[PDB]
Amino acid sequence: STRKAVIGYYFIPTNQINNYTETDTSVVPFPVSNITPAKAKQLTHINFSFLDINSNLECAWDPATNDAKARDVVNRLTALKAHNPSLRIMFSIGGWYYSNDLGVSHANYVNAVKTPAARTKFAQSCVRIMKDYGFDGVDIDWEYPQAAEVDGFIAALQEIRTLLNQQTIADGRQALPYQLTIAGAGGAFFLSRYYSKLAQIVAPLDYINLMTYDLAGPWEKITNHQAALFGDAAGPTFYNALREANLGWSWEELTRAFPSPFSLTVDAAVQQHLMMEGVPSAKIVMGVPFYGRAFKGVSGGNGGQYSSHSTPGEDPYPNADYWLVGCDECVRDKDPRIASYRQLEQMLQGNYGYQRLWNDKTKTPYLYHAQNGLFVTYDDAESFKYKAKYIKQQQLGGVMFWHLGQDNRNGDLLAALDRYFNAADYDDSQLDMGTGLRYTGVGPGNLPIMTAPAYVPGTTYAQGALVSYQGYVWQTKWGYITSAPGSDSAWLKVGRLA
Ligand SMILES: C#CCO[C@@H]1[C@@H](C)[C@H](OC(=O)NCCCCCNC(=N)NC(=O)NC)[C@@H](C)C(=O)O[C@H](CC)[C@@](C)(O)[C@@H]2OC(C)(C)O[C@H]([C@@H]2C)[C@H](C)C[C@@]1(C)O
Ligand SMILES: C#CCO[C@@H]1[C@@H](C)[C@H](OC(=O)NCCCCCNC(=N)NC(=O)NC)[C@@H](C)C(=O)O[C@H](CC)[C@@](C)(O)[C@@H]2OC(C)(C)O[C@H]([C@@H]2C)[C@H](C)C[C@@]1(C)O
């Protein structure tokens, strides 16, 4: 019954704000007016991005911003709510550029969560900005707080939540209450920075938006899909860092949760969240990319998948060889490594030498250019069927994407997502989810339902034996066990009754 959330980022550069116009593509490619009423109805949230934290340790616009043109841009987004009484215009603080470990504003993020008084100032600033510009909610995109800072982050969010709840009451907004989200890690290396405290991080949120994309890139040895739903056994696998997180668990508990190596997939990140107690599936939102990542230098045989490559990882792009054939936007943006889906459609339609290919394990498409050795990972409306089905089966909160500007002119990607969740006549009950590798991990938050004979006192149980006792199905870790399940270290909680 509950509508799935559909959360799209709206990004716009300061200079485009400062020269805002709806009538010249060359200055603003993606003005607000491109978000039609139909698109507005298909969205539950728009995340206006990006604001930052300044050296005053407050939430702030880029100090180069024209305040009047900014309010005006924001007012145009809030005006969209006239077409959709569920729609919220959030704003996001952070992003990669401002907030990564070597990002320009990084110390501000660290310092703003550091002390109770810093947090009180920061939290106040966030809600002050929300109220002052007419936003509906706050999204923090810090990529990423690191173990010492995690406690502060958690307290900062708790403090923002309280203040948002005050505001909701002040404005009689119980029908559309002010909301708080974060953009969360979508792979285990970064996730591990705050995994042990995942329940505390999620508890103040309406949603945690998993950045389950960019899981592959020019920083890798080997080309791969950036947003594989499930694993392909032919592709690379990675070390599971979560098994070194400070969890306090036993060896068997770690082993059952954190297989290693493992396939770095949408399904993995999702399950890694669900294995944690107190992380409810309804709060977990699957992120998807509206952009492809391109590699060159690929020597193929398998469509350019899982090949070595020569794609530079340096930022900015280190020369003017714009080798992504047919990508006009790459030229404008001086970087051939990222193409919007809009662009990718034109590349594929034109006479440029690409084949669209499909990996039936990952359920994701990819472009291959056999003549030049190019590979592109991206998502389309076919891969979204499988993902939307996954979102329904696993009872997730919804879907998030980066970003709106990269949908095609008709908004076919957004339309596809809306359709798979909400169209009466769309049926995915026969859609085959394939035999690609699932993430098997089991943890306290996602115990399966099981049966077994009652535990009996006096019986000697061999290794592997399953009994039921006091709610749960337990399994001996070795033999021969006579102790009651749960009372010493010999029994492993493996499932739940009922
Ligand atoms: C998001 C993101 C990455 O920031 C980009 C930026 C870094 C671009 O990278 C990019 O687009 N990558 C696509 C992959 C996305 C997947 C990763 N997603 C995330 N990590 N987070 C996420 O999804 N959060 C919800 C890059 C190509 C660029 O233009 O940099 C230019 C210089 C070339 C810039 C640094 O000057 C940049 O200029 C403009 C174009 C004005 O954009 C400014 C920033 C100052 C933004 C602050 C940075 C912003 C948004 O363009
Ligand atoms: C290596 C290398 C050179 O640069 C590295 C960096 C580029 C890493 O490359 C690397 O290890 N390459 C060797 C082969 C992959 C094998 C494992 N593979 C993985 N761990 N894969 C994975 O997690 N996939 C999502 C890369 C994994 C990364 O984290 O990029 C992030 C963006 C996602 C980054 C570019 O923002 C990066 O983030 C952090 C981690 C904060 O580090 C910053 C830099 C800003 C350093 C400047 C770059 C420094 C040193 O981490």
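Analysis parameters
Residues numbered from 1 in each chain as written, not as in the entry; some residues may be left out. Chains lettered and ligands numbered in written order. Heavy atoms only, no water. Residues with missing side-chain atoms left out of burial classes, pairs and counts. Helix = DSSP H or I, 4+ residues; strand = E, 2+ residues; numbered from the N terminus. Rg over C-alpha atoms; globule rule 2.2 N^0.38 Å. Contact = heavy atoms within 4.5 Å. Pairing = 2+ DSSP bridges. Axes fitted to C-alpha atoms, helices over the stretch in contact; angles between N-to-C directions. Buried < 20%, exposed > 50% of the residue type's maximum accessible area, 1.4 Å probe, protein only. Disulfide = S-S within 2.5 Å. Near = heavy atom within 4 Å. Polar contact = N/O pair within 3.5 Å; in protein donor to acceptor, adjacent residues only side chain to side chain. Areas by Shrake-Rupley, 256 points an atom, 1.4 Å probe, with all protein chains shown as cover. Nonpolar A, V, L, I, M, F, W, Y, C, P; charged D, E, K, R; others polar. Domains from an automatic or database assignment. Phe/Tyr/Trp six-rings, centres within 6.5 Å; stacked < 30°, edge-to-face > 60°. UniProt positions renumbered as here; feature names shortened; annotations may be inferred. Core = buried A, V, L, I, M, F, W, Y, C linked by side-chain atoms within 4.5 Å. Patch = residues over 30% accessible without salt bridge, like charges linked within 9 Å, V, L, I, M, F, W, Y side chains within 5 Å. Salt bridge = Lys/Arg side-chain N within 4 Å of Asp/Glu carboxyl O.

Looking at the method and resolution fields of the entry, one finds X-ray crystallography and 2.60 Å.

Attention shifts here to the overall build of the protein chain. The helix and strand inventory of the protein chain stands at 15 helices and 17 strands. Scaling as 2.2 N^0.38, a compact globule of 498 residues should have a C-alpha radius of gyration of about 23 Å, and the protein chain matches this with 24 Å. Seen along its three principal axes, the alpha-carbon backbone of the protein chain occupies a region of about 80 × 60 × 45 Å. Within the protein chain, residue pairs in contact and separated by at least 24 positions form 70% of the contacts whose partners lie at least 6 positions apart.

We now examine the sheet that holds strand β12 (residues 364–369). Ordered by their spatial adjacency, five strands build an open sheet running β10-β9-β13-β12-β11, and the pairing between neighbours is antiparallel. Where the open sheet ends on each side, the last strands, each with one partner, are β10 (338–340) and β11 (354–359). Averaged over all neighbouring strand pairs, the angle between strand axes comes to 25°, with direction disregarded. Helix α13 (residues 341–349) rests against β9 (291–295), β10, β11, β12 and β13 (374–377) of the sheet, and its axis sits at about 90° to β10. Relative to β11, helix α14 (residues 381–393) is tilted by about 15°, and along the sheet it contacts β11 and β12.

Among the seven residues that make up strand β1 (residues 5–11), six are buried, leaving the element largely enclosed by the rest of the structure. Pairing of β1 with strand β14 (residues 398–402), which is carried by four bridges, proceeds in the parallel orientation. Residue pairing across strands places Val 6 opposite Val 399, the latter belonging to β14. Sheet analysis places β1 next to strand β2 (residues 45–53), joined by five bridges and oriented parallel. Its bridge partner lying in β2, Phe 11 is registered against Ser 49.

With that settled, the discussion passes to the state of the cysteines. A full pass over the atoms with the stated rule returns one disulfide. Shown here is the disulfide that connects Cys 327 with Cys 330, its sulfur atoms set 2.2 Å apart. The S-S bond linking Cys 327 to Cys 330 shows a torsion near 80°; that makes this disulfide right-handed. Exposure class is identical for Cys 327 and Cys 330. Each is buried. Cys 126 supplies the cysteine sulfur nearest to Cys 59, a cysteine that is in no disulfide, at a spacing of 4.7 Å. For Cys 59, a relative accessible area of 5% puts it in the buried group.

The local shell around ligand 1 holds 14 residues, among which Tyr 9, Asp 141, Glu 143, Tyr 213 and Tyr 291 are the closest. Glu 143 is positioned with one of its side-chain polar atoms (N or O) 2.7 Å from a nitrogen atom of ligand 1. Notes on ligand 1: free accessible area 890 Å², of which the protein chains cover 69%. Taken together, the residues that form the shell around ligand 1 break down as ten nonpolar, no polar and four charged. Residue-level mapping places the shell around ligand 1 at the junction of two domains, with at least three residues from each of domain 1 (1–289 + 380–447) and domain 2 (290–379).

A separate point is the packing of aromatic side chains. For the coordinates displayed, the defined rule picks out 31 aromatic pairs. Here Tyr 10 and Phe 30 contribute two aromatic rings whose centre-to-centre distance is 5.9 Å and whose plane-to-plane angle is 40°, an arrangement assigned as tilted. Here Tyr 10, found in strand β1, pairs with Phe 30, found in the loop between α1 (14–18) and α2 (37–42); they are 20 residues apart in sequence, far enough to count as distant. Taking the relative accessible area as the measure of exposure, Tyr 10 reaches 1% and is therefore buried. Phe 30 sits in the buried class, given a relative accessible area of 12%.

Moving on: the UniProt feature "active site" in the protein chain. When the UniProt feature table is mapped onto this chain, "active site" is found at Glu 143. The class of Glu 143 is buried, set by a relative accessible area of 11%. Once residues lying within four places of it in the same chain are set aside, the contact partners of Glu 143 are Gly 95, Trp 96, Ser 99, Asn 100, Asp 101 and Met 211.

The next subject is the nonpolar core. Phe 48, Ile 140 and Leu 324 are the most contacted members of the largest nonpolar core, which totals 136 residues. In terms of residue count, the dominant contributor to this core is helix α7 (residues 147–170) (eight residues). If you count residues domain by domain, this core takes at least three from each of domain 1 (1–289 + 380–447) and domain 2 (290–379). Sequence-distant contacts of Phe 48, defined by excluding residues within four places in its chain, comprise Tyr 10, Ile 12, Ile 17, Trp 61, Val 73, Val 74, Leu 77, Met 90, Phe 91, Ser 92 and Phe 135.

As a matter of local geometry, ligand 2 sits amid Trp 96, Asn 100, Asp 101, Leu 102, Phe 189, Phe 190, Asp 214, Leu 215, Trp 219, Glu 220, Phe 238 and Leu 264. Between an oxygen atom of ligand 2 and a side-chain N or O atom of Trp 96, the distance comes to 2.7 Å. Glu 220 places a side-chain nitrogen or oxygen 2.6 Å from a nitrogen atom of ligand 2. Isolated, ligand 2 exposes 850 Å² of accessible area, and the fraction of that covered by the protein chains is 56%. Of the residues that constitute the shell around ligand 2, the class distribution is eight nonpolar, one polar and three charged.

There is a patch of nonpolar side chains on the surface, built from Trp 96, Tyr 97 and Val 104 and spanning about 380 Å² of accessible area. Counting through the fold element by element, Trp 96 comes out in helix α4 (residues 95–99). Residue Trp 96 is classed as partly exposed on the basis of its relative accessible area of 49%.

Strands sit in the order β15-β16-β17 across an open sheet of three strands; the sheet is antiparallel. The open sheet terminates on both sides in strands that have one partner only, identified here as β15 (466–469) and β17 (491–496). Geometrically, the sheet is characterised by an average inter-axis angle of 35° between neighbouring strands, direction not taken into account. Of the strand pairs in this sheet, β15 and strand β16 (residues 472–476) are connected by four bridges, and their pairing is antiparallel. In the strand pairing of β16, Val 467 is matched with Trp 474.

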